[PDB]
């Protein structure tokens, strides 16, 4: 059988920063941008859909610190991130975004308002700690490795550095940890990532942190999982139909794993499905803030502009909501925070499914129902 991961609490990795193996910047850093003639005076569709304006009558994230494990953040008054460490550049501190990504994630979670545009984060009063775990601008320094061994792949190394980043994030004192990383591998080629499970457990059970994970996006090593087989009723979530493990997504319910929807409310076609997905949130045609706290809604692609999109943004909305919840109800354990998010979500046609889990989050219901 395909088995859910079994957590070994004794396997917590050392609290140390830096990459699993040496890394070097090979490309100049990207910056986010805008579609010609965009008007940011209006509220982004995701803000209207999630009723952020209303939700803020009830909570703003004041007193809460969210750690963001992503590509780093270029800080500004509107995205006032603090150093959380670097797991890409051995000399870094998490306050350099070379990918036009982590800055935007952080802005969705906790971006401040401005009178000149309609954008605001979910938890605009929250603190933000930035941990850089990934960058497309860096490459591993040439190394002699065994190419037939899953434990010496870049994915395996990336999961080893992730496990330490989760330990470190927890040690920083964050009460919500947003994990944008969604590492993929084939179920028949298992990586030993016992440390990731132990780190997630430590964050959630030892340091009182809510952990939110991106469902992941298809492409490359992330090939879509098949749906559950209805003829096998003892496996309603279809664990036995899985081909692609997504980590740490698959540690659910230790983590709440978040899939993507678009502006019409449908599951995003790039959103990685699986038995571990618990909820969903907006993940397409996203508006966020850039390196100066300026509104952005486009990125440089291969043949020109592409939209801001991905399950990392879905996870960012949910991390924001968790922050709102923990402010308004500080007595809630991380299990109760998560359960509140899922229990008030708008459930899909089958009640729960592998694309959206319990469904699309509903901030006002979560805060008041």
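Residue numbers count along the first chain shown, from 1.
Engineer: Determine, for stretches 251-259 and 224-232, which one has the higher mean CA B-factor as deposited.
Structural biologist: If you average the C-alpha B-factors of 251-259 and of 224-232, the larger mean comes out for 224-232.
Engineer: Determine, for stretches 317-325 and 41-49, which one has the higher mean CA B-factor as deposited.
Structural biologist: Looking at the recorded C-alpha B-factors, 41-49 comes out higher on average.
Engineer: Just the C-alpha B-factor column, please: which of 68, 309, 29, 64 has the biggest number?
Structural biologist: Among 68, 309, 29, 64, the highest C-alpha B-factor in the entry belongs to 29.
Engineer: Can you tell me which of 101, 78, 144, 168 has the highest Cα temperature factor in the record?
Structural biologist: When the deposited C-alpha B-factors of 101, 78, 144, 168 are compared, 144 is largest.
Engineer: Taking the entry's C-alpha B-factors for this chain, is residue 192 in the lowest, middle or highest third?
Structural biologist: As the PDB entry reports it, the C-alpha B-factor of residue 192 lands in the highest third of its chain.
Engineer: Divide the modelled residues of the chain into thirds by Cα B-factor and specify which third, lowest, middle or highest, holds residue 96.
Structural biologist: As the PDB entry reports it, the C-alpha B-factor of residue 96 lands in the middle third of its chain.
Engineer: Could you look up the Cα B-factor of residue 127 in the entry and say which third of the chain it sits in: lowest, middle or highest?
Structural biologist: As the PDB entry reports it, the C-alpha B-factor of residue 127 lands in the highest third of its chain.
Engineer: Based on the entry's values, in what third of the chain does the Cα temperature factor of residue 205 lie: lowest, middle or highest?
Structural biologist: Middle third by C-alpha B-factor.
Engineer: Name the third of the chain's ranked CA B-factors that contains residue 333, choosing lowest, middle or highest.
Structural biologist: Answer is middle: the recorded C-alpha B-factor places it there.
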